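my_file.cif, holding mmCIF, C-alpha atoms and all ligand atoms:
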```cif
data_data
#
loop_
_atom_site.label_atom_id
_atom_site.label_comp_id
_atom_site.auth_asym_id
_atom_site.auth_seq_id
_atom_site.Cartn_x
_atom_site.Cartn_y
_atom_site.Cartn_z
CA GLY A 1 16.24 -52.86 -39.36
CA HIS A 2 13.53 -50.22 -38.83
CA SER A 3 10.22 -51.28 -37.31
CA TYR A 4 7.21 -49.12 -36.40
CA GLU A 5 6.41 -51.57 -33.57
CA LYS A 6 9.82 -51.26 -31.84
CA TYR A 7 11.93 -48.43 -30.48
CA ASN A 8 14.55 -47.52 -33.11
CA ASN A 9 17.95 -46.03 -32.42
CA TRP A 10 18.94 -42.70 -33.92
CA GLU A 11 20.95 -44.22 -36.81
CA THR A 12 17.83 -46.26 -37.75
CA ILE A 13 15.46 -43.26 -37.41
CA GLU A 14 17.77 -41.07 -39.49
CA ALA A 15 17.97 -43.74 -42.21
CA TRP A 16 14.15 -44.11 -42.03
CA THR A 17 13.65 -40.36 -42.55
CA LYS A 18 15.68 -40.66 -45.84
CA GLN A 19 14.02 -43.87 -47.01
CA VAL A 20 10.40 -42.86 -46.20
CA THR A 21 11.01 -39.63 -48.03
CA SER A 22 12.68 -41.43 -50.92
CA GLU A 23 9.81 -43.95 -51.15
CA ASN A 24 6.97 -41.28 -50.95
CA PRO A 25 8.15 -38.32 -52.93
CA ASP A 26 4.63 -37.18 -53.76
CA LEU A 27 3.76 -36.92 -50.05
CA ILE A 28 7.01 -36.34 -48.13
CA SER A 29 10.00 -34.04 -48.35
CA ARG A 30 12.84 -33.84 -45.85
CA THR A 31 14.90 -30.87 -44.68
CA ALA A 32 17.37 -30.26 -41.80
CA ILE A 33 16.37 -27.37 -39.65
CA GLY A 34 19.75 -27.04 -37.96
CA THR A 35 22.14 -29.13 -36.03
CA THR A 36 22.33 -30.34 -32.51
CA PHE A 37 25.01 -29.49 -29.88
CA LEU A 38 26.96 -32.52 -31.13
CA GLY A 39 26.39 -31.59 -34.79
CA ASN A 40 23.61 -34.07 -35.72
CA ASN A 41 21.14 -32.94 -38.39
CA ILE A 42 17.75 -32.23 -36.96
CA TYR A 43 15.49 -33.66 -39.65
CA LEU A 44 12.04 -32.40 -40.43
CA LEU A 45 9.50 -34.20 -42.62
CA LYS A 46 6.92 -32.21 -44.50
CA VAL A 47 4.01 -34.60 -45.04
CA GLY A 48 1.26 -33.65 -47.48
CA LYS A 49 0.45 -33.53 -51.20
CA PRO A 50 1.71 -30.25 -52.87
CA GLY A 51 -0.78 -27.50 -53.34
CA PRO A 52 -1.12 -23.74 -53.13
CA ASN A 53 -1.23 -21.71 -49.94
CA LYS A 54 -1.66 -24.79 -47.77
CA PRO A 55 -2.07 -24.25 -43.99
CA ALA A 56 0.10 -26.42 -41.80
CA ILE A 57 0.18 -28.35 -38.56
CA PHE A 58 3.51 -28.65 -36.80
CA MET A 59 4.24 -31.73 -34.67
CA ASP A 60 7.45 -32.63 -32.84
CA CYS A 61 8.47 -35.61 -30.81
CA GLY A 62 11.47 -36.45 -28.78
CA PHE A 63 12.01 -33.26 -26.80
CA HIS A 64 12.86 -35.48 -23.85
CA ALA A 65 15.35 -38.17 -24.48
CA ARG A 66 13.87 -40.89 -22.35
CA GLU A 67 10.28 -40.52 -23.62
CA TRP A 68 10.77 -43.17 -26.31
CA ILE A 69 7.05 -43.58 -27.00
CA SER A 70 7.07 -39.94 -28.28
CA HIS A 71 9.69 -40.64 -30.99
CA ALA A 72 7.80 -43.85 -31.94
CA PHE A 73 4.59 -41.86 -32.29
CA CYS A 74 5.93 -39.38 -34.83
CA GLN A 75 7.14 -42.28 -36.78
CA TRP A 76 3.70 -43.96 -36.49
CA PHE A 77 2.01 -40.77 -37.71
CA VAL A 78 4.09 -40.84 -40.88
CA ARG A 79 3.40 -44.56 -41.26
CA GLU A 80 -0.32 -43.81 -41.20
CA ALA A 81 -0.07 -40.95 -43.61
CA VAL A 82 1.73 -43.03 -46.20
CA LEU A 83 -0.27 -46.25 -45.66
CA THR A 84 -3.76 -44.83 -45.61
CA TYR A 85 -3.47 -41.91 -48.03
CA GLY A 86 -6.06 -42.63 -50.84
CA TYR A 87 -8.04 -45.20 -48.80
CA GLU A 88 -9.19 -43.39 -45.73
CA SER A 89 -11.17 -40.23 -46.55
CA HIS A 90 -10.06 -38.11 -43.58
CA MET A 91 -6.27 -38.58 -43.72
CA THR A 92 -6.53 -38.15 -47.54
CA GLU A 93 -8.44 -34.88 -47.10
CA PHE A 94 -5.93 -33.72 -44.43
CA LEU A 95 -2.87 -34.41 -46.57
CA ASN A 96 -4.48 -32.87 -49.62
CA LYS A 97 -5.47 -29.68 -47.83
CA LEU A 98 -2.83 -29.26 -45.11
CA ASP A 99 0.84 -29.95 -44.72
CA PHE A 100 2.15 -31.68 -41.61
CA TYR A 101 5.61 -30.86 -40.45
CA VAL A 102 6.76 -33.82 -38.41
CA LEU A 103 9.95 -33.44 -36.44
CA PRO A 104 10.56 -37.04 -35.32
CA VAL A 105 13.33 -36.32 -32.79
CA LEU A 106 14.22 -32.90 -31.53
CA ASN A 107 16.79 -33.88 -28.86
CA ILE A 108 18.83 -36.28 -30.88
CA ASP A 109 21.98 -36.04 -28.75
CA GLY A 110 20.03 -36.98 -25.67
CA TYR A 111 18.22 -39.73 -27.46
CA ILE A 112 21.54 -41.29 -28.60
CA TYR A 113 22.71 -41.06 -24.98
CA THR A 114 19.62 -42.99 -23.77
CA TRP A 115 20.64 -45.75 -26.10
CA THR A 116 24.39 -45.81 -25.37
CA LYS A 117 24.72 -44.75 -21.75
CA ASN A 118 21.72 -43.80 -19.63
CA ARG A 119 18.20 -44.83 -20.49
CA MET A 120 16.75 -42.25 -18.16
CA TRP A 121 18.43 -39.16 -19.60
CA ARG A 122 16.01 -36.28 -20.25
CA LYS A 123 17.91 -33.19 -21.18
CA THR A 124 20.15 -32.07 -24.08
CA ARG A 125 23.86 -33.05 -23.97
CA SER A 126 25.30 -29.55 -24.10
CA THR A 127 27.86 -28.22 -21.56
CA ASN A 128 27.24 -25.76 -18.82
CA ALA A 129 29.75 -23.10 -17.58
CA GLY A 130 31.23 -23.75 -14.17
CA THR A 131 30.18 -27.35 -13.66
CA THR A 132 30.62 -30.76 -15.26
CA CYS A 133 26.83 -31.37 -15.20
CA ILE A 134 25.42 -31.74 -18.69
CA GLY A 135 22.39 -30.48 -20.47
CA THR A 136 19.38 -28.25 -20.53
CA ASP A 137 15.69 -29.16 -20.40
CA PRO A 138 14.59 -28.19 -23.90
CA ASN A 139 11.04 -27.72 -22.65
CA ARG A 140 12.20 -25.16 -20.18
CA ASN A 141 14.36 -23.37 -22.82
CA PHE A 142 11.75 -21.36 -24.74
CA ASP A 143 10.99 -17.74 -24.34
CA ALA A 144 7.78 -18.23 -22.34
CA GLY A 145 8.02 -16.88 -18.79
CA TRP A 146 11.49 -18.17 -19.20
CA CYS A 147 12.97 -19.67 -16.07
CA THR A 148 10.30 -18.53 -13.67
CA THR A 149 8.44 -21.46 -12.19
CA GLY A 150 8.65 -25.22 -12.52
CA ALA A 151 12.13 -24.75 -13.95
CA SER A 152 15.47 -24.80 -12.16
CA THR A 153 18.45 -22.45 -12.34
CA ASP A 154 20.72 -25.32 -11.42
CA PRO A 155 22.55 -26.89 -14.46
CA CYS A 156 22.67 -30.18 -12.59
CA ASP A 157 18.80 -30.34 -12.27
CA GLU A 158 16.49 -32.15 -14.68
CA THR A 159 14.39 -29.01 -15.46
CA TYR A 160 17.40 -26.74 -15.95
CA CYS A 161 16.15 -23.75 -18.03
CA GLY A 162 19.62 -23.27 -19.63
CA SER A 163 21.81 -20.18 -19.80
CA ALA A 164 19.19 -18.05 -21.66
CA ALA A 165 15.99 -18.76 -23.63
CA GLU A 166 16.96 -20.52 -26.89
CA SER A 167 20.49 -21.20 -25.64
CA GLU A 168 20.22 -24.66 -27.05
CA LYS A 169 20.91 -25.28 -30.64
CA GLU A 170 17.89 -27.60 -30.94
CA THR A 171 15.44 -25.14 -29.35
CA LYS A 172 16.85 -22.21 -31.39
CA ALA A 173 16.43 -24.28 -34.54
CA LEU A 174 12.83 -25.17 -33.71
CA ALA A 175 11.85 -21.65 -32.77
CA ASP A 176 13.55 -20.24 -35.88
CA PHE A 177 11.64 -22.69 -38.05
CA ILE A 178 8.29 -21.82 -36.48
CA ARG A 179 8.99 -18.05 -36.59
CA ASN A 180 9.90 -18.43 -40.29
CA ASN A 181 6.64 -20.32 -41.05
CA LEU A 182 4.30 -18.59 -38.70
CA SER A 183 1.88 -17.33 -41.41
CA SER A 184 1.20 -21.01 -42.52
CA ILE A 185 1.42 -22.98 -39.20
CA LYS A 186 -2.06 -23.07 -37.69
CA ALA A 187 -1.41 -25.65 -34.94
CA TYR A 188 1.51 -26.83 -32.87
CA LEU A 189 1.49 -30.36 -31.33
CA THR A 190 4.29 -31.56 -29.10
CA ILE A 191 4.46 -35.17 -28.06
CA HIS A 192 5.72 -36.33 -24.68
CA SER A 193 5.30 -39.02 -22.15
CA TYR A 194 4.03 -40.02 -19.71
CA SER A 195 0.72 -39.53 -17.69
CA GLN A 196 -2.06 -39.55 -20.39
CA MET A 197 -2.93 -35.91 -20.82
CA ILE A 198 -3.83 -33.36 -23.51
CA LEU A 199 -2.51 -30.05 -22.20
CA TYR A 200 -2.85 -26.53 -23.64
CA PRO A 201 -1.52 -23.07 -22.52
CA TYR A 202 -0.64 -21.81 -20.09
CA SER A 203 1.91 -23.64 -18.01
CA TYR A 204 4.26 -20.69 -17.32
CA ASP A 205 1.66 -18.74 -15.24
CA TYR A 206 -1.79 -19.42 -13.87
CA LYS A 207 -3.47 -17.51 -16.72
CA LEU A 208 -5.68 -18.69 -19.55
CA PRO A 209 -5.53 -18.27 -23.28
CA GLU A 210 -8.06 -16.00 -24.95
CA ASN A 211 -9.63 -19.04 -26.68
CA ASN A 212 -9.68 -21.10 -23.54
CA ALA A 213 -13.25 -22.28 -24.06
CA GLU A 214 -12.46 -23.51 -27.57
CA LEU A 215 -9.29 -25.29 -26.48
CA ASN A 216 -11.00 -26.84 -23.53
CA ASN A 217 -13.76 -28.25 -25.69
CA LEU A 218 -11.41 -29.48 -28.32
CA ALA A 219 -9.14 -31.17 -25.76
CA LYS A 220 -12.22 -32.78 -24.15
CA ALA A 221 -13.50 -34.12 -27.46
CA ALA A 222 -9.97 -35.33 -28.44
CA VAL A 223 -9.72 -37.20 -25.17
CA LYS A 224 -13.15 -38.71 -25.76
CA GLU A 225 -12.11 -39.79 -29.23
CA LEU A 226 -8.88 -41.35 -27.96
CA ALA A 227 -10.81 -43.39 -25.39
CA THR A 228 -13.10 -44.90 -27.97
CA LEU A 229 -10.44 -47.37 -29.11
CA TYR A 230 -9.15 -49.06 -25.95
CA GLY A 231 -10.81 -47.13 -23.15
CA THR A 232 -7.59 -45.31 -22.29
CA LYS A 233 -8.31 -42.44 -19.92
CA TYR A 234 -6.71 -39.07 -20.49
CA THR A 235 -7.13 -35.85 -18.54
CA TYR A 236 -6.92 -32.44 -20.15
CA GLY A 237 -6.70 -28.72 -19.56
CA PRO A 238 -4.32 -25.83 -19.13
CA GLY A 239 -0.94 -27.02 -18.27
CA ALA A 240 -0.38 -25.18 -15.02
CA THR A 241 -3.49 -26.68 -13.35
CA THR A 242 -3.60 -29.99 -15.21
CA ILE A 243 -0.02 -31.24 -14.81
CA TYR A 244 2.08 -28.52 -12.97
CA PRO A 245 3.25 -24.86 -13.60
CA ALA A 246 6.36 -24.94 -15.68
CA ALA A 247 7.95 -22.13 -17.60
CA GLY A 248 9.76 -22.07 -20.89
CA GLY A 249 7.66 -24.66 -22.70
CA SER A 250 7.41 -24.75 -26.48
CA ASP A 251 3.61 -25.00 -26.54
CA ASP A 252 3.18 -21.78 -24.51
CA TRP A 253 5.79 -20.08 -26.66
CA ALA A 254 4.10 -21.25 -29.88
CA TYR A 255 0.75 -19.98 -28.56
CA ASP A 256 2.29 -16.61 -27.71
CA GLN A 257 3.47 -16.39 -31.36
CA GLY A 258 -0.22 -16.52 -32.42
CA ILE A 259 -0.59 -20.34 -33.04
CA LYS A 260 -4.07 -20.67 -31.62
CA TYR A 261 -4.11 -24.51 -31.40
CA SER A 262 -1.15 -25.53 -29.29
CA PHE A 263 -1.16 -28.82 -27.40
CA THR A 264 1.20 -31.05 -25.48
CA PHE A 265 0.32 -34.70 -25.57
CA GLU A 266 1.57 -36.82 -22.70
CA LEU A 267 1.20 -40.40 -23.89
CA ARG A 268 0.94 -43.70 -21.97
CA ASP A 269 1.16 -44.82 -19.31
CA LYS A 270 0.25 -43.44 -15.85
CA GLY A 271 3.35 -44.75 -14.13
CA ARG A 272 3.32 -48.53 -14.15
CA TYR A 273 6.19 -48.55 -16.74
CA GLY A 274 6.55 -44.77 -17.03
CA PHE A 275 9.21 -43.88 -19.58
CA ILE A 276 10.17 -47.54 -20.03
CA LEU A 277 6.84 -48.34 -21.78
CA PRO A 278 7.24 -51.71 -23.32
CA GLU A 279 7.44 -52.19 -27.04
CA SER A 280 4.31 -54.39 -26.85
CA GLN A 281 2.36 -51.19 -26.15
CA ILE A 282 3.69 -49.18 -29.13
CA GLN A 283 0.92 -50.10 -31.54
CA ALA A 284 -2.05 -49.57 -29.16
CA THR A 285 -0.62 -46.33 -27.82
CA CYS A 286 0.05 -44.92 -31.31
CA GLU A 287 -3.24 -46.08 -32.70
CA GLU A 288 -5.37 -44.48 -29.98
CA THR A 289 -3.20 -41.35 -30.11
CA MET A 290 -3.81 -41.16 -33.90
CA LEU A 291 -7.48 -40.73 -33.11
CA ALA A 292 -6.83 -37.64 -30.98
CA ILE A 293 -4.38 -36.13 -33.45
CA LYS A 294 -6.74 -36.73 -36.36
CA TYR A 295 -9.52 -35.19 -34.32
CA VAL A 296 -7.53 -32.02 -33.63
CA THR A 297 -6.43 -31.96 -37.28
CA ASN A 298 -10.00 -32.24 -38.51
CA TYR A 299 -11.08 -29.46 -36.12
CA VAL A 300 -8.26 -27.18 -37.34
CA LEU A 301 -9.17 -27.96 -40.90
CA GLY A 302 -12.87 -27.15 -40.32
CA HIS A 303 -12.23 -23.88 -38.53
CA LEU A 304 -9.71 -22.04 -40.68
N1 LIG B 401 4.80 -25.43 -21.34
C1 LIG B 401 4.72 -26.72 -21.02
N2 LIG B 401 3.75 -27.53 -21.53
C2 LIG B 401 3.82 -28.90 -21.08
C3 LIG B 401 4.83 -29.43 -20.18
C4 LIG B 401 4.89 -30.86 -19.69
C5 LIG B 401 6.15 -31.77 -20.09
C6 LIG B 401 5.93 -33.31 -19.80
SE1 LIG B 401 7.43 -34.32 -19.89
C7 LIG B 401 7.38 -31.22 -19.43
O1 LIG B 401 7.59 -31.29 -18.15
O2 LIG B 401 8.08 -30.56 -20.25
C8 LIG B 401 5.74 -28.50 -19.72
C9 LIG B 401 5.69 -27.19 -20.14
CL1 LIG B 401 6.95 -26.21 -19.56
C1 LIG B 402 5.04 -38.08 -15.27
AS1 LIG B 402 6.20 -36.89 -16.30
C2 LIG B 402 7.85 -36.69 -15.29
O1 LIG B 402 6.60 -37.61 -17.78
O2 LIG B 402 5.40 -35.37 -16.53
ZN ZN B 403 -15.83 -40.57 -41.51
ZN ZN B 404 8.56 -34.70 -21.93
ZN ZN B 405 6.15 -36.32 -19.46
ZN ZN B 406 1.68 -25.40 -21.60
ZN ZN B 407 -3.66 -47.60 -37.87
ZN ZN B 408 -17.31 -26.02 -35.13
#
```

What is this file in structure tokens?
Ligand SMILES: Nc1ncc(C[C@H](C[SeH])C(=O)O)cc1Cl
Ligand SMILES: C[As](C)(=O)[O-]
Ligand SMILES: [Zn+2]
Ligand SMILES: [Zn+2]
Ligand SMILES: [Zn+2]
Ligand SMILES: [Zn+2]
Ligand SMILES: [Zn+2]
Ligand SMILES: [Zn+2]
Amino acid sequence: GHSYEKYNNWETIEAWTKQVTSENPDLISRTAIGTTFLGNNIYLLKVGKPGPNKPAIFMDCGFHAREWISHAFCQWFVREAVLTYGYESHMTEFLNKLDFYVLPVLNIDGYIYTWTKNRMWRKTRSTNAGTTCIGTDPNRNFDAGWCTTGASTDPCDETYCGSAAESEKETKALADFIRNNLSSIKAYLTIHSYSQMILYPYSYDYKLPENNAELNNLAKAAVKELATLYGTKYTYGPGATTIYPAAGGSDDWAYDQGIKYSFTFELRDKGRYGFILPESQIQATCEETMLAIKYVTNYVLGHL
């Protein structure tokens, strides 16, 4: 049984991607952008009413297997789109004028593993030459100062950068999709947990994006909007100085392709539950996070 207020296993999420598409054909289509190491289809939902030459926002969840609130959020975003389209002026305007690509779970193999074997798994489940240690950090696997800081060369480490940038099937598939849709994708949003932050480039070096001032102000206003609901306190800024320097992240990579609005969201909490955020917090976390995402979306829409 699928529920938006619980964590759902991969079989349930996959079935939900079919059913939500099936039930909302005027707003949702579903493709597979490739397959995982283990051969699972990486589903992608395109959310929006058809129209000509529509710009797009790309959002993924579930890079990191254990960050279950991420996967729940992408699902929540789709829930909102389908529930409030027609009733709420903003979301209606967004879906009429933009398309949202929502990739509910990037690292499916890892996610399955968190359900069957090890709740605290992070990485992919691919093999590494010369060791039995499994997996690559997908957010250290992009071609963005690849493997240079805040990433490990050791395949047994949690931030393992992999054998080469885009060595993972999942990261290759994501990058290929973005590269193939670059002239329409105006913003890239990647959802993680935890520590309550809105981060923007760069993380791979202590350097700042050309539109730093604009990103800073947007991130600040998004954090302010998020707090209006439950008072939840986020920090924000360039990744390297706001969370830690880390190379090979998808947001930095996306920004270096020319996607000017590129953010990583690190959802609740600040460590009390960490990755094991209880189900009772799914609704409040997603709701407040909707406010930030809708704020960013509205900004993007108003500054094309
Ligand atoms: N470019 C980036 N932008 C954000 C992050 C933070 C996440 C939080 Se889980 C991570 O460590 O991958 C990491 C990188 Cl490498
Ligand atoms: C606090 As963390 C390991 O999710 O960046
Ligand atoms: Zn209004
Ligand atoms: Zn993460
Ligand atoms: Zn995190
Ligand atoms: Zn970054
Ligand atoms: Zn709501
Ligand atoms: Zn303005």

Of the residues A:182, A:65, A:144, A:208, which is the one nearest to residue 120 in chain A, using only C-alpha atoms?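 Between A:182, A:65, A:144, A:208, the residue approaching residue 120 in chain A most closely is A:65.
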
Fewer than 4 positions away in the same chain doesn't count, so skip those; otherwise give me all residues within 6 Å of residue 160 in chain A, counting all atoms listed in the file, as a ChimeraX atom specification. /A:136-137,151-155

Which of these residues is nearest to ligand ZN 405 (chain B), using all atoms listed in the file: A:201, A:239, A:258, A:209?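 Using all atoms listed in the file, the shortest distance to ligand ZN 405 (chain B) belongs to A:239.
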
d(atom ZN of ligand ZN 408 (chain B), CA of residue 254 in chain A) in Å: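 Separating atom ZN of ligand ZN 408 (chain B) from CA of residue 254 in chain A is a distance of 22.6 Å.
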
Can you build me a table of chain A residues sitting at most 9 Å from ligand LIG 401 (chain B), with the closest atom pair per residue and its distance in Å to one decimal, using all atoms listed in the file, sorted by chain and residue number, as a tab-separated table?
```
residue	atom	partner	partner_atom	distance
A:63	CA	B:LIG401	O2	8.1
A:64	CA	B:LIG401	SE1	6.8
A:67	CA	B:LIG401	SE1	7.8
A:122	CA	B:LIG401	SE1	8.8
A:137	CA	B:LIG401	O2	7.7
A:138	CA	B:LIG401	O2	7.8
A:139	CA	B:LIG401	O2	4.8
A:140	CA	B:LIG401	CL1	5.4
A:141	CA	B:LIG401	CL1	8.6
A:142	CA	B:LIG401	CL1	8.6
A:144	CA	B:LIG401	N1	7.9
A:149	CA	B:LIG401	CL1	8.9
A:150	CA	B:LIG401	CL1	7.3
A:151	CA	B:LIG401	CL1	7.8
A:159	CA	B:LIG401	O1	7.7
A:190	CA	B:LIG401	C2	8.5
A:191	CA	B:LIG401	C6	8.6
A:192	CA	B:LIG401	SE1	5.5
A:193	CA	B:LIG401	SE1	5.6
A:194	CA	B:LIG401	SE1	6.6
A:195	CA	B:LIG401	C6	8.4
A:199	CA	B:LIG401	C2	6.5
A:200	CA	B:LIG401	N2	7.0
A:201	CA	B:LIG401	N1	6.8
A:202	CA	B:LIG401	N1	6.7
A:203	CA	B:LIG401	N1	4.8
A:204	CA	B:LIG401	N1	6.2
A:238	CA	B:LIG401	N2	8.6
A:239	CA	B:LIG401	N2	5.7
A:240	CA	B:LIG401	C1	8.0
A:243	CA	B:LIG401	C4	6.9
A:244	CA	B:LIG401	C4	7.7
A:245	CA	B:LIG401	CL1	7.1
A:246	CA	B:LIG401	CL1	4.1
A:247	CA	B:LIG401	CL1	4.6
A:248	CA	B:LIG401	CL1	5.2
A:249	CA	B:LIG401	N1	3.3
A:250	CA	B:LIG401	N1	5.8
A:251	CA	B:LIG401	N1	5.4
A:252	CA	B:LIG401	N1	5.1
A:253	CA	B:LIG401	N1	7.6
A:263	CA	B:LIG401	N2	7.8
A:264	CA	B:LIG401	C2	5.6
A:265	CA	B:LIG401	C2	8.1
A:266	CA	B:LIG401	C6	6.3
```

So that I have them on file, write out the residues from the current selection with C-alpha atoms, as a PDB file, keeping the file's coordinate frame.
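The new file out.pdb reads:
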```pdb
ATOM      1  CA  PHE A  63      12.010 -33.260 -26.800  1.00  0.00           C
ATOM      2  CA  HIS A  64      12.860 -35.480 -23.850  1.00  0.00           C
ATOM      3  CA  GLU A  67      10.280 -40.520 -23.620  1.00  0.00           C
ATOM      4  CA  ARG A 122      16.010 -36.280 -20.250  1.00  0.00           C
ATOM      5  CA  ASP A 137      15.690 -29.160 -20.400  1.00  0.00           C
ATOM      6  CA  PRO A 138      14.590 -28.190 -23.900  1.00  0.00           C
ATOM      7  CA  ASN A 139      11.040 -27.720 -22.650  1.00  0.00           C
ATOM      8  CA  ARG A 140      12.200 -25.160 -20.180  1.00  0.00           C
ATOM      9  CA  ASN A 141      14.360 -23.370 -22.820  1.00  0.00           C
ATOM     10  CA  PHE A 142      11.750 -21.360 -24.740  1.00  0.00           C
ATOM     11  CA  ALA A 144       7.780 -18.230 -22.340  1.00  0.00           C
ATOM     12  CA  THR A 149       8.440 -21.460 -12.190  1.00  0.00           C
ATOM     13  CA  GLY A 150       8.650 -25.220 -12.520  1.00  0.00           C
ATOM     14  CA  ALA A 151      12.130 -24.750 -13.950  1.00  0.00           C
ATOM     15  CA  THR A 159      14.390 -29.010 -15.460  1.00  0.00           C
ATOM     16  CA  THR A 190       4.290 -31.560 -29.100  1.00  0.00           C
ATOM     17  CA  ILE A 191       4.460 -35.170 -28.060  1.00  0.00           C
ATOM     18  CA  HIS A 192       5.720 -36.330 -24.680  1.00  0.00           C
ATOM     19  CA  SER A 193       5.300 -39.020 -22.150  1.00  0.00           C
ATOM     20  CA  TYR A 194       4.030 -40.020 -19.710  1.00  0.00           C
ATOM     21  CA  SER A 195       0.720 -39.530 -17.690  1.00  0.00           C
ATOM     22  CA  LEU A 199      -2.510 -30.050 -22.200  1.00  0.00           C
ATOM     23  CA  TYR A 200      -2.850 -26.530 -23.640  1.00  0.00           C
ATOM     24  CA  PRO A 201      -1.520 -23.070 -22.520  1.00  0.00           C
ATOM     25  CA  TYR A 202      -0.640 -21.810 -20.090  1.00  0.00           C
ATOM     26  CA  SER A 203       1.910 -23.640 -18.010  1.00  0.00           C
ATOM     27  CA  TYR A 204       4.260 -20.690 -17.320  1.00  0.00           C
ATOM     28  CA  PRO A 238      -4.320 -25.830 -19.130  1.00  0.00           C
ATOM     29  CA  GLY A 239      -0.940 -27.020 -18.270  1.00  0.00           C
ATOM     30  CA  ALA A 240      -0.380 -25.180 -15.020  1.00  0.00           C
ATOM     31  CA  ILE A 243      -0.020 -31.240 -14.810  1.00  0.00           C
ATOM     32  CA  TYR A 244       2.080 -28.520 -12.970  1.00  0.00           C
ATOM     33  CA  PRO A 245       3.250 -24.860 -13.600  1.00  0.00           C
ATOM     34  CA  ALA A 246       6.360 -24.940 -15.680  1.00  0.00           C
ATOM     35  CA  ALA A 247       7.950 -22.130 -17.600  1.00  0.00           C
ATOM     36  CA  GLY A 248       9.760 -22.070 -20.890  1.00  0.00           C
ATOM     37  CA  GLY A 249       7.660 -24.660 -22.700  1.00  0.00           C
ATOM     38  CA  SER A 250       7.410 -24.750 -26.480  1.00  0.00           C
ATOM     39  CA  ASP A 251       3.610 -25.000 -26.540  1.00  0.00           C
ATOM     40  CA  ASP A 252       3.180 -21.780 -24.510  1.00  0.00           C
ATOM     41  CA  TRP A 253       5.790 -20.080 -26.660  1.00  0.00           C
ATOM     42  CA  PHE A 263      -1.160 -28.820 -27.400  1.00  0.00           C
ATOM     43  CA  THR A 264       1.200 -31.050 -25.480  1.00  0.00           C
ATOM     44  CA  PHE A 265       0.320 -34.700 -25.570  1.00  0.00           C
ATOM     45  CA  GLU A 266       1.570 -36.820 -22.700  1.00  0.00           C
TER      46      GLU A 266
END
```

Return the single residue from A:31, A:36, A:106, A:115 that is closest to residue 9 in chain A, with distances computed using only C-alpha atoms.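 Closest residue, counting only C-alpha atoms: A:115.
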
With distances taken over all atoms listed in the file, the candidate from A:66, A:54, A:172, A:117 nearest ligand ZN 405 (chain B) is A:66

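Distance check against residue 168 in chain A using only C-alpha atoms: of A:269, A:109, A:60, A:225, the minimum falls on A:109.
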
Under the rule of at most 10 Å, produce a per-residue listing of chain A near ligand ZN 407 (chain B): chain, number, name, the closest pair of atoms, and the distance in Å, as a tab-separated table, using all atoms listed in the file.
```
residue	atom	partner	partner_atom	distance
A:76	CA	B:ZN407	ZN	8.3
A:77	CA	B:ZN407	ZN	8.9
A:79	CA	B:ZN407	ZN	8.4
A:80	CA	B:ZN407	ZN	6.1
A:81	CA	B:ZN407	ZN	9.5
A:83	CA	B:ZN407	ZN	8.6
A:84	CA	B:ZN407	ZN	8.2
A:283	CA	B:ZN407	ZN	8.2
A:284	CA	B:ZN407	ZN	9.1
A:286	CA	B:ZN407	ZN	8.0
A:287	CA	B:ZN407	ZN	5.4
A:288	CA	B:ZN407	ZN	8.7
A:289	CA	B:ZN407	ZN	10.0
A:290	CA	B:ZN407	ZN	7.6
A:291	CA	B:ZN407	ZN	9.2
```

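If only C-alpha atoms and all ligand atoms are the atoms counted, then among A:98, A:91, A:293, A:175 the closest residue to ligand ZN 403 (chain B) is A:91.
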
With all atoms of range 6-18 of chain A from the file as input, state the centre and edge lengths in Å to one decimal of the axis-aligned box that has 6 Å extra on each side, as lines of an AutoDock Vina configuration file.
```
center_x = 15.4
center_y = -45.8
center_z = -38.2
size_x = 23.1
size_y = 22.9
size_z = 27.4
```

Applying 8 Å and all atoms listed in the file, which residues near residue 96 in chain A remain after dropping the ones on its own chain fewer than 5 positions away? List them as a compact mmCIF listing (two decimals) with C-alpha atoms, keeping the file's coordinate frame.
```txt
# COMPACT_ATOMS: atom_id res chain seq x y z
CA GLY A 48 1.26 -33.65 -47.48
CA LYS A 49 0.45 -33.53 -51.20
CA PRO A 50 1.71 -30.25 -52.87
CA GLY A 51 -0.78 -27.50 -53.34
```

Residues up to 10 Å from ligand ZN 408 (chain B), counting all atoms listed in the file: could you list those as a compact mmCIF listing (two decimals) with C-alpha atoms, in the frame of the given file?
```
# COMPACT_ATOMS: atom_id res chain seq x y z
CA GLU A 214 -12.46 -23.51 -27.57
CA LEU A 218 -11.41 -29.48 -28.32
CA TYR A 299 -11.08 -29.46 -36.12
CA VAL A 300 -8.26 -27.18 -37.34
CA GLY A 302 -12.87 -27.15 -40.32
CA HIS A 303 -12.23 -23.88 -38.53
```

Let me see if you get this right: every residue at most 12 Å from ligand ZN 403 (chain B), counting all atoms listed in the file, written as JSON, numbers by chain. {"A": [87, 88, 89, 90, 91, 92, 93, 291, 294, 295, 298]}

Take CA of residue 231 in chain A and CA of residue 95 in chain A and report the distance between them in Å, one decimal.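 So the answer is 27.8 Å.
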
What does the distance from CA of residue 133 in chain A to CA of residue 13 in chain A come to in Å, to one decimal? 27.6 Å

With all atoms listed in the file as the counted atoms, please give the residues lying no more than 7 Å from range 72-75 of chain A, apart from itself and same-chain residues fewer than 5 positions off, as an NGL selection string. :A and (4 or 7 or 61 or 102 or 104 or 286)

Nearby residues, (22.5, -27.1, -32.7) file frame, 9 Å, all atoms listed in the file, as a short mmCIF file (atom, residue, chain, number, x, y, z; two decimals) with C-alpha atoms, in the coordinates of the input:
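Output (out-v3.cif):
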```cif
data_model
loop_
_atom_site.label_atom_id
_atom_site.label_comp_id
_atom_site.auth_asym_id
_atom_site.auth_seq_id
_atom_site.Cartn_x
_atom_site.Cartn_y
_atom_site.Cartn_z
CA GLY A 34 19.75 -27.04 -37.96
CA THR A 35 22.14 -29.13 -36.03
CA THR A 36 22.33 -30.34 -32.51
CA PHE A 37 25.01 -29.49 -29.88
CA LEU A 38 26.96 -32.52 -31.13
CA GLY A 39 26.39 -31.59 -34.79
CA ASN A 40 23.61 -34.07 -35.72
CA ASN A 41 21.14 -32.94 -38.39
CA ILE A 42 17.75 -32.23 -36.96
CA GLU A 168 20.22 -24.66 -27.05
CA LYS A 169 20.91 -25.28 -30.64
CA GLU A 170 17.89 -27.60 -30.94
CA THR A 171 15.44 -25.14 -29.35
CA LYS A 172 16.85 -22.21 -31.39
CA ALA A 173 16.43 -24.28 -34.54
#
```
